[PDB]
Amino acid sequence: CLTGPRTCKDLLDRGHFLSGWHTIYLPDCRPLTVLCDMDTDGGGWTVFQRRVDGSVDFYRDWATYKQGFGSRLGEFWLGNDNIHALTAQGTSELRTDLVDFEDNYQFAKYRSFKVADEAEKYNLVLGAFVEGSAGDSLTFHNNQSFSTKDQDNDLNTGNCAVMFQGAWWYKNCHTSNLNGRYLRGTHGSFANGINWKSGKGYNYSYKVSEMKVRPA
């Protein structure tokens, strides 16, 4: 542990050049098998969310988002407890990678990203937007509690997670909804897909979504 890899970036520095699932040791020494992206933007990113085919249901409850769900073989959410543990020491960059159904790639990159602990409802703490073809659709959500269908912490009199079939740091309501429904390209329905407002908008659900972190 004290001499073991603590991030995907550590692994890259130690000559692990292929993306895939590797064990790392969290700050408290807990081992955790995580997906490393060793290619994108210099490589060494720890991936905490992945959408690619709609095989996994993301419309899930608080407990499920807390612990994590999905499959190493495809789509997953790494889990709110784990994402907190990964980001708690304050200085990881965030990258969001998005691909549409014509294989057009867009991204957003943020200077810092953290979620707080469960007691603080996994509050989003987001640093400055640095750049990205996808534009900034996350700053809007800064300093907001995470919400799921069964724990509404949003700023709407109704339930955002239900209204947009997802789980997110909803306010009233969103400009991004990456845990929304896998609706496959253009959809008439308003904003309930894998949507990034400044990217492809409220009526286009991406083919691929990945959210990932790396020591700044």
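Sequential numbering from 1, following the sequence displayed.
28 to 36 and 61 to 69 differ in mean CA B-factor, and the higher of the two is recorded for 28 to 36. Of the two segments, 84 to 92 and 131 to 139, the one listed with the higher mean B-factor is 84 to 92 (C-alpha atoms only). Among the modelled residues of its chain, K207 has a C-alpha B-factor that falls in the lowest third, as given in the PDB entry.
Ranked by C-alpha B-factor against the other modelled residues of its chain, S112 falls in the highest third. When the CA B factors of the chain's modelled residues are split into thirds, the value for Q144 lands in the middle one. For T157, the recorded CA B-factor ranks within the highest third of the chain. Only modelled residues enter the ranking.
Ranked within its chain, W77 lands in the lowest third, by CA B factor from the PDB record.
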